[PDB]
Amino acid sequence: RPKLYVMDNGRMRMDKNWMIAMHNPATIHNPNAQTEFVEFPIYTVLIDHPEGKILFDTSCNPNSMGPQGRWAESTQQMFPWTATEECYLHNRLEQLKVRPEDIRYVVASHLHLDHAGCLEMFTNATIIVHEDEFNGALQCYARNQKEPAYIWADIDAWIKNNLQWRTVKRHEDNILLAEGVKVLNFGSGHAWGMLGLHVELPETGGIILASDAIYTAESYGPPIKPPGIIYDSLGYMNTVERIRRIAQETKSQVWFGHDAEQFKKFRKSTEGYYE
């Protein structure tokens, strides 16, 4: 029945120390060690399920980068996003003959700039988000805090567009969204509140969408290599190991949030789908 699509929403670059912390430490021999600006894919996942279309993540807002962009210049220069018009989410969905208003559920893994970019589009969906992540982002907004990963203007848009929210409580069990689609409540780690997705496809079988719970295969290991972007180190480690257990017990693949090698090997919306 279900069809799962991988949509390419462009690329982002940043200090590798964000991705893998202390990836290249200074030594007595390399006292002035240098980092690297690494490139990684931003992507989203559409599940065209009989019970309704489910969208996982929403990438960046088209009006993010640029001198007249939503992102602060310090953010733009730290986490530059590069994307043709075909990469924009609205376009990727159009290509699939899917309108925003057709989306029943949006699962926001978290509310970082490269995941919650286009939430404002989905005014007919229920937006599922971790309550702690929602609280965290709302505070940034209210306190006009200068947090690089949370876009004041994006949040401003969510409120103005009157999105319909469904917060996953801190100690809430996983949610059965649809047949073979379960929202996993990962809790605090990479961010305040992380959500994942387990999808059971008839043919493909089990998929875990880990998002930023696991940046890359290098993150996953073993051994685990945590990021520099991190709120709760203990929770982050617990989440990874938990994912590892779930993958084993359910014989699922783990789809990382920003692994280039894996993304290349994915079947994109333009090419086809998983079923």
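Residue numbers run from 1 along the displayed sequence.
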| property | result |
| --- | --- |
| Higher-B stretch (mean Cα B-factor, as the entry records it), 142-150 or 191-199 | 142-150 |
| Mean Cα B-factor comparison, 90-98 or 160-168, giving the higher one as deposited | 90-98 |
| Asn63, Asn238, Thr44, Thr216, ranked by C-alpha B-factor: the highest one | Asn63 |
| Residue selected from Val106, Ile175, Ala116, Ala72 by maximal Cα B factor | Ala72 |
| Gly228 CA temperature factor, ranked by third within the chain | middle |
| Assigned third (lowest, middle, highest) for the C-alpha B factor of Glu179 | middle |
| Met78 - which third its CA temperature factor falls in, relative to the rest of the chain | middle |
| For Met121, the third of its chain into which the C-alpha B factor falls | highest |
| Position of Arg267 among the chain's modelled residues by C-alpha B-factor, lowest, middle or highest third | highest |
